[PDB]
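Asker: Let me start by giving you these chains from the complex, positioned as in the assembled structure:
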Amino acid sequence: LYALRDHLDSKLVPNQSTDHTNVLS
Amino acid sequence: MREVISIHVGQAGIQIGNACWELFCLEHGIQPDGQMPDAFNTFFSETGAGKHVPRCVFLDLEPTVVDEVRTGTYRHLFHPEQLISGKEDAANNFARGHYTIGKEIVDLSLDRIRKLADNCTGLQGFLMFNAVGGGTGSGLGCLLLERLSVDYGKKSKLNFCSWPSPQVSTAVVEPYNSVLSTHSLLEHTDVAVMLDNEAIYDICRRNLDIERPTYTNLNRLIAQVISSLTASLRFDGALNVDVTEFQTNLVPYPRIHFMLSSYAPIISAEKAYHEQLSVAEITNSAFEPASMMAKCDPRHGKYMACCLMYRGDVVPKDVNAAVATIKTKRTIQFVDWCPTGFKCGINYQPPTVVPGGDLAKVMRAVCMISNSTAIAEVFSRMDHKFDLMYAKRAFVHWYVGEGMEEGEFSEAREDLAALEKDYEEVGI
Amino acid sequence: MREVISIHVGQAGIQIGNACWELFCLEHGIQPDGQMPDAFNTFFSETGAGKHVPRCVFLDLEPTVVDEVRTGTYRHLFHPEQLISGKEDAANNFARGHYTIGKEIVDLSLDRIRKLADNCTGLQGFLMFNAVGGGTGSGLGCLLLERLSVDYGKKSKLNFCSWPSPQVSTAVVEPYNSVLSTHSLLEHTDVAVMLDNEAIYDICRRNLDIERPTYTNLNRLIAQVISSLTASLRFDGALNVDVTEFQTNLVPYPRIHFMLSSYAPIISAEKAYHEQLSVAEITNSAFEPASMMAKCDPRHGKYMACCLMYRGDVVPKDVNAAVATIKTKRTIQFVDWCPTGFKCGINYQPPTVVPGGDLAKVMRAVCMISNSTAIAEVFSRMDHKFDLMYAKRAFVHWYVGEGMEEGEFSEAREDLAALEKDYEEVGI
Amino acid sequence: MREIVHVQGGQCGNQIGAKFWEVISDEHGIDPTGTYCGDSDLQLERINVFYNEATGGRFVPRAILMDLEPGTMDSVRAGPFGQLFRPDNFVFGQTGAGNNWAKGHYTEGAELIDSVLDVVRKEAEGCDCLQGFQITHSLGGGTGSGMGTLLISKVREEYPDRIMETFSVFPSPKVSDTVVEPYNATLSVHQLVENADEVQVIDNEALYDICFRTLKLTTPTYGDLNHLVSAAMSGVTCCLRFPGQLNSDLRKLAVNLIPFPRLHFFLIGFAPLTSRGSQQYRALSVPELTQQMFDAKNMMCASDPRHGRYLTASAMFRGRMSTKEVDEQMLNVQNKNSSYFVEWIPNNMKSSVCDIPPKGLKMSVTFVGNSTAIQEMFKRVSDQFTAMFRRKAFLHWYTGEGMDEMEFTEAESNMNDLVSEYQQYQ
């Protein structure tokens, strides 16, 4: 039914789900 | 258990009809014979062994538009008995399309739609499609609407009428037809949407970089608006805004039920390459004061209640951000007795594009229907277009010559004046 | 994230931006289609799956150059609605570009820069490339500052002006356009520099040792000095300062915002061979009075504030050593009330070289913007040329009958003259 | 034992409670097919609080899906864990209460209220002695706020002494859909104050503040949005389903959080809440969790606690942790924020510890607070209401269904009296 608006961007623990500089040494 | 009956009356009613059904057929994946190679139950039936017949009726007193689709490509797509061809045209007469030859054809129309209504219980409303500037589209549509109010008095009616334009006219007696029609349209339509033709013309200019097309994408652009409005009925969505709530959600008073509409993006392949189409700017272009299909500048108009259907890969979160910038920006004035006035209905399915058409494939699109006091200036230039035609009784001689009584035009003018003063007291 | 929008008024402004945007395409590695094979976000937006579009608008009244950009190889690099063209030339008239044939195109270009600005938050300002003597570059330039200043009242503006040059002028009525342009340029821009044409012509005559270049050879130098100015906004550096710091470090009074510019080195393939381009060498050469980009000798003037942008493999010690030797030198004179007149920003990413142009691959380079009291004689000769031309109505009759009254000419006279008295009173 | 019967109403409610059963079933060890895995007696010794044996070895939740739009529970069936509910608990709707409180309470409020009350009794007296009624619904929708509210009336008039609570969401201050928000909210809050033991307040964009600042989320979803309200929804009753050192009850909270019978609106928070940049270097200790109940950005409700004083706060800790710096951590937060607490109640804060942590974690806490911050939301819907009556609009289609002008006026005579008894106590 295309549950994209319920597509989990979280896991079992609450949180969420997984998605230069030249240093002068 | 969930459906809508569509009625297409008038010459422009048929042409907006076959554009809507060519779009819905390729949207459902059904074929011009009726069968695929439960979303279809809101616009079609079953014809036995897996086929589908549309829930429509086509009505026109003049036959060359009805037999045109009877001979064309959607011959056996439609059931051949609601293609109600008349005998002779009303010839830009409200009076002829309502009094002389209407009574021999509304008996056939109401008997057909009686059988169309009883195919399923749980009907949601009606889809009127007509042009009000002409004779048989306005007159026979008004006659058929009055029978619908006295028979199905508890059901919504969703009129989609092509109101005449300030410049593009292609008739003469449009002030006579539209002023006479809109009184009996007012107390018999539950919910109605204005469409001025040249407003589609200029947004074809700036958004589609086409210089001058014909009526075919006049009607395809409007058909995408119809598809996006009823996609909450049809397809599964995140937040569904059905017709039975959309009727009672935008309309604040029993008489102010005339609304504008806009659609964004209507963008060709010229510039779909060049900008992203995300909610933060599609809503801005939808509220852009030259993008509606009515040519009613709302900068001196005054907003009251708006309805937005986001279709595609749309999250409510950037919807909330995009509507917040509409609220905070000063150029759009919402009325001082309605701070929040917004709908955000979300559908998962992206809008479909006709093959070989001038539209381009977009991820997301917003359909707008909004109530504003701007529309008082639309009906006031009908007042100025009509009052000096009626000043010394031009073209009335055959309006009354068929059997209509002089003086009902002037009480209709009292009804238009009652409508203008209503829009002034709303905004104050 | 953060972005800055460029605007290009006049043929000279669009041709400056033409070499600018082909240089930025090399710098960020994008092809002319816009699609790469996040440092580009200050000049390019996003589009689709990998395309970028510049935040630029190409505004002329003549279509012979704007349509020629559309027809050329950089067609789909720009969004087609960002290139706005008119109908007919201003034709070296400040009256036409500001009053008569400007009102139908300022409102259209304002819409395009509106839709280009609300895409993201974090804007620093605007970069307006324009000429002065041209009718379009002064006329639409004046009205664009007038509209952008009153609604974007807290955002910076960068008027890069191609001021008329001393020996050659290649125009007749251009002293009229220059005084009228500064009538409104003073109260509406934030940072402006003068880029005189024969100062640049002299640069490419004794640094490139080419004696008949073209317009594109100068526009490569202007592209290089804009790229070296805004390289802090794009590439990470040890000491980075950008548009906000320019508006607060180089313009100590609100009404002195006229600066010079220079670059170092500007060397050909054979001249890169025979010297190492040390930091101290490319600061002495940038501070050479013959190296300035406005025919504006600082030998008989006093420096007021200075800013240098070191790009490439520059080290933070010899930026201090080159500044120290400049302080010790007596030929360069400073102002008494500014003991610490030096600002700089160092960057790592060296200036790129166009393959087939005229520059050479350099390890390091210096950009320059310096405010001084030496622009007093630059505008005092625009005073003198305007005197004997405005003695007895030279070409005045077509500015006064075509949009303005007589008296705006006189008002522009004390507006530029009060800038001369402002330049005199600061030094003393 | 004692069993909580769950009623789930509205489009918003049927998605909230679906994630509620998606988070309770997988923390109790039940697969979506109904079987069990997890080989622990702690997950099974009290499973009758929410489930029922089906004499096939599976557990069917004691949930009642109820709605007047037939697409909402259509998505529940298609979704994951969508084969737990009995089809006989489902009651459908075809005419649809279209974002309309009036037609959802009376016109189609009659032919479905007889059936959803049939289904609740044979889920009620079929047990030995029930305990309470949890109801997830919305005050912004039409059938979530009207049709579910008539259910609140009919349950209490049969069962007048049992506890019941509503995890209700509220209309939005900033970005508002379903434009008759004060109409739906305030006609329902009269029935909420006279006919409900607890009402816990959730704001949609306050949850947006949770995912924006304390979660660092770019584009979260209703799955996550209902997940962080089902964490506290789990936490209010997990101490009932599980043992602990100092156990607790819904009525245990009720007696010592509600001071006086008409104010029972609660302020629900949950801790901890981490990002990728808030999980690795962060100590998970009780003094670190003390500040996350008393953090306005960690609040699921729009009411800013700094603009009020907590009448009575309570916390439901979970995990392997000592019970005492529950309480001197609640003592020093009371002592430093003395001006943030009411003065005429000594030792305002309640503490309780459950000996089962949330699954996958080591420690959490669910905050419930009766506070005088809540009047911010109660006065914006009040004066959004008063702008819709001095010119009579949008209610003529309420009067056409029976909702005449009489009851709207005392809907405000009890609403401003509700906030007057709030402010007269500070």
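Answerer: In hand now; what should we look at? Numbers count the residues shown, from 1 in each chain, chains lettered A, B, ... in the order given.
Asker: What's the nearest residue in chain B when you look at chain A?
Answerer: Closest to chain A within chain B is residue B:238: 3.7 Å, counting by CB to the nearest CB. Yep, even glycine has a C-beta here, placed from its N, CA and C like the rest.
Asker: quick one: that residue and residue B:319 touch, right?
Answerer: No. Between residue B:238 and residue B:319 there is no contact under CB atoms under 8 Å: 10.0 Å.
Asker: any shared contact partners between these two?
Answerer: residue B:346 (CB atoms under 8 Å, 6 or more residues apart in numbering or on different chains).
Asker: Am I right that residue D:287 is in a helix?
Answerer: Yes. Looking at residue D:287 with DSSP: H, G, I helix; E, B strand; the rest coil, it is inside a helix.
Asker: Please determine how far it is located from residue B:109.
Answerer: 78 Å (CB to CB, to the nearest Å).
Asker: Show me which residues of chain B are close to chain A?
Answerer: B:236, B:238, B:313, B:315-316, B:346, B:348-349 (CB under 8 Å from any CB of the partner chain).
Asker: and if we set it to 7 Å?
Answerer: Residues of chain B found near chain A (CB under 7 Å from any CB of the partner chain) are B:236, B:238, B:346, B:348.
Asker: ok, back up a step: where does the residue of chain B closest to chain A land in three-state SS?
Answerer: strand.
Asker: So what's the residue count around it?
Answerer: 24 (other CB atoms under 10 Å in any protein chain shown).
Asker: Equivalent analysis for residue D:214, please.
Answerer: Residue D:214: 20 neighbours (other CB under 10 Å).
Asker: Please, which helix or strand holds the closest residue to residue D:275 other than its chain neighbours?
Answerer: Spatially, and ignoring its direct neighbours in sequence, residue D:275 is nearest to residue D:216 (3.9 Å; CB to CB, 6 or more residues apart in numbering or on different chains). Following DSSP states H and E, there is no helix or strand that holds residue D:216.
Asker: returning to that earlier point: among the residues of chain B next to chain A, which ones are buried?
Answerer: Buried members of the residues of chain B next to chain A, counted by 16 or more other CB atoms under 10 Å in any protein chain shown: B:236, B:238, B:346, B:348.
Asker: Any chance of TSV for those residues, columns distance to residue D:80?
Answerer: TSV is the format used below for those (distance: CB to CB, whole Å):
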residue	distance to residue D:80
B:236	16
B:238	17
B:346	20
B:348	17
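Asker: Which two of those have the greatest separation?
Answerer: B:236 and B:346 (10.6 Å; CB to CB).
Asker: Give me the phi and psi angles of residue D:56.
Answerer: phi -140, psi 10 (degrees, to the nearest 10).
Asker: any idea what the residue lying closest to it once chain neighbours are set aside is structurally, helix, strand or coil?
Answerer: Of all residues not flanking residue D:56 in the chain, residue D:34 sits nearest, at 8.0 Å (CB to CB, 6+ apart). Of the three states, residue D:34 takes coil according to three-state DSSP.
Asker: who does the spatially most central residue of chain D bridge with?
Answerer: Centroid check for chain D by CA atoms, centre = their mean gives residue D:167 as the closest residue, at 1.6 Å. Under DSSP bridges, the beta-bridge partners of residue D:167 are residue D:136, residue D:200.
Asker: from what I can see it touches residue D:200, true?
Answerer: Yes. Between residue D:167 and residue D:200 there is a contact under CB atoms under 7 Å: 5.3 Å.
Asker: Where do the helices of the stretch 51-200 of chain D begin and end?
Answerer: For the stretch 51-200 of chain D, the helices defined by DSSP state H, counting those that start in this stretch occupy D:72-78, D:101-102, D:113-121, D:147-158, D:181-194.
Asker: want to throw those into JSON lines with distance to residue C:23?
Answerer: As requested, those are exported to JSON lines (distance: least, CB to CB, whole Å):
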{"stretch": "helix D:72-78", "distance to residue C:23": "54"}
{"stretch": "helix D:101-102", "distance to residue C:23": "63"}
{"stretch": "helix D:113-121", "distance to residue C:23": "71"}
{"stretch": "helix D:147-158", "distance to residue C:23": "64"}
{"stretch": "helix D:181-194", "distance to residue C:23": "54"}
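Asker: can you add chain E next? sequence is:
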Amino acid sequence: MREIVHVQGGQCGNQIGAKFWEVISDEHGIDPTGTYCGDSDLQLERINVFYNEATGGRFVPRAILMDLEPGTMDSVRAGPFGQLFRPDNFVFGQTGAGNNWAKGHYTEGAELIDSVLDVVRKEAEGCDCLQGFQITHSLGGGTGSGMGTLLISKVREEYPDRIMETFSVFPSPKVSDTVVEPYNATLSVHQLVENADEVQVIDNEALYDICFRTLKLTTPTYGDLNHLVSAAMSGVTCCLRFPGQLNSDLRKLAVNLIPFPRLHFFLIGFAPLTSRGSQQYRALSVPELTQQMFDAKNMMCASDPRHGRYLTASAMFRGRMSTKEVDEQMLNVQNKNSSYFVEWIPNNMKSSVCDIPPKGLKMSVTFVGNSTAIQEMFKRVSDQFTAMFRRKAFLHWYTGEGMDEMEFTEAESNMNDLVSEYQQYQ
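Answerer: That brings us to chain E, laid onto the chains above:
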């Protein structure tokens, strides 16, 4: 225990903490991945001073890196060892205050200051009692000098009884960047003198002067100047975390170096600072390192101490030493260089021997000397201010955004009374 809460303001402050945290982490034996290695009790014996446990065994710095431009801490995070800090302690500005004192302090930075105040009291109150706050910044730019002293100003009021440790990088005399140097420097120093308990003066070309003349560095970058001051922070707080024969802390320095409260501006030397050609040629003992300490060529303030008298002096000795020679080697420098010390304080001294040196070295020293040599620096930033100010220089931005002419006049009165007091004590 005693804990330091570190705050870094500005691009200078974030880079100077992007070298100090490295030189203090490897002193504690901490990997960039936060895991300890080194099997020593003494490194972990006081790690709570500058770090907090994360309930994972890994230690997070108690720093708050903060300014108004995102390019500074993105380069810190991308650089080595920059992962140790929280993105929660990182606070972001997007528009940026560009070399502007006024809009850093009043308009822009005050918008950000209510959220970075949240993260600084969380690192403050999270322990039982803090020792003090260490704030490193520069007095030349906008965000590090204008709003950098705003947080110096406000931490005075809620935390008055605890010490205020600050490093400030003063403007350079002969070659200075950031054209408005004295407007940022003098308008910051008045808030920096009644809201900071002790301030250390570091000058940019004096760091260069140590590089070219004593280190013989052919190629010094900003990282080479940054090591010189990172060793100065490491020595001054070494005895807090690491034991010794004679203890010393921040208040130990404060009560012995300030006799009069309006003067707390300190000179810093660091020894040994060897050119590596003669590193293998130089003996390492107390009687050779003390005259490297008392030396103008080893001064990271560009003031010759021979143009003044040492009011008070101190030395944080470090290493396996002899704590007799800790003190007659500075007895020698007092009774020979008699004129270089003040007369009405007999016995101007404090040695503070700390047992554990930096790794490899057997001896090291940071030197804190409160002297009237800084008179030349305060006069020089004064006449550079007043030559500009007499002709209204670069000021219409400052006045137009929330300041006026009046505030700059007492900015020079409490600049000038610092010089007038140092001549009273001369």
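Asker: let's see the neighbour count of residue D:214 again after adding chain E.
Answerer: By other CB under 10 Å, neighbour count at residue D:214 equals 21.
Asker: can you tell me how far it sits from residue C:391?
Answerer: For residue D:214, the distance to residue C:391 - CB to CB - is 74 Å.
Asker: same thing with residue B:8?
Answerer: 76 Å.
Asker: And residue D:376, by the same measure?
Answerer: 73 Å.
Asker: Contacts for stretch B:25-35, please.
Answerer: B:36-37, B:39-40, B:47, B:50-53, B:73-74, B:76-77, B:227, B:352, B:354 (CB atoms under 7 Å, 6 or more residues apart in numbering or on different chains).
Asker: which among those gets closest to chain E?
Answerer: residue B:352 (39.9 Å).
Asker: Out of the contacts of stretch B:25-35, the closest to chain C would be?
Answerer: Of the contacts of stretch B:25-35, the one sitting nearest to chain C (CB to the nearest CB) turns out to be residue B:352, at 19.6 Å.
Asker: Quick check: closest non-adjacent residue to that closest one.
Answerer: Closest to residue B:352 by CB to CB, 6+ apart is residue B:27, at 4.8 Å.
Asker: Please identify the helix or strand for the one you found.
Answerer: helix B:11-28.
Asker: Residue B:262 now?
Answerer: strand B:258-264.
Asker: Which secondary structure elements does that strand sit against?
Answerer: The contact analysis (3 or more CB pairs under 7 Å, 6 or more residues apart in numbering or on different chains; DSSP states H and E) places strand B:258-264 against strand B:191-194, helix B:215-229, helix B:279-286, strand B:364-372.
Asker: and the stretch 51-200 of chain D, which residues reach chain A?
Answerer: So the stretch 51-200 of chain D meets chain A at D:75, D:78-79 (CB under 7 Å from any CB).
Asker: For residue 10, give me its contacts.
Answerer: In the absence of a named chain, this looks at chain A. Contacts of residue A:10 by CB under 7 Å, 6+ apart are A:16-17, D:223-224, D:227.
Asker: Chain B was what I was after
Answerer: B:60, B:130-131, B:134, B:136-137, B:141.
Asker: redo that, cut-off 8 Å
Answerer: Residue B:10 neighbours (CB under 8 Å, 6+ apart): B:59-60, B:129-131, B:134, B:136-138, B:140-141.
Asker: Next: residue B:312.
Answerer: Contacts of residue B:312 (CB under 8 Å, 6+ apart): B:347-351, B:362-365.
Asker: Buried only: go through those residues for me.
Answerer: Buried, going by 16+ other CB under 10 Å: B:347-349, B:351, B:362, B:364-365, out of the contacts of residue B:312.
Asker: can I get those residues in TSV with distance to residue C:99 and secondary structure?
Answerer: Shown next, in TSV, are these (distance: CB to CB, whole Å; DSSP: H, G, I helix; E, B strand; the rest coil):
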residue	distance to residue C:99	secondary structure
B:347	50	strand
B:348	53	coil
B:349	52	coil
B:351	45	coil
B:362	41	coil
B:364	42	strand
B:365	41	strand
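Asker: Just give me the closest of those to chain C.
Answerer: residue B:362 (11.5 Å).
Asker: quick revisit: of all the helices and strands packed on strand B:258-264, which lies closest to residue B:20?
Answerer: helix B:215-229 (4.5 Å).
Asker: Can you classify residue D:40 as helix, strand or coil?
Answerer: Assignment for residue D:40 (three-state DSSP): coil.
Asker: which non-adjacent residue is nearest the residue in chain B that chain D sits nearest to?
Answerer: Proximity of chain B to chain D (CB to the nearest CB) peaks at residue B:245, 3.0 Å away. Nearest residue to residue B:245, sequence neighbours excluded (CB to CB, 6+ apart): residue D:98, at 3.0 Å.
Asker: on that earlier part again, filter the contacts of residue A:10 down to the ones in helices?
Answerer: D:223-224, D:227 (DSSP state H).
Asker: rewinding a little: with respect to burial, which of the helices and strands packed on strand B:258-264 scores highest?
Answerer: A comparison of the helices and strands packed on strand B:258-264 by mean neighbour count, using mean count of other CB atoms under 10 Å in any protein chain shown, puts strand B:364-372 on top with a mean of 24.
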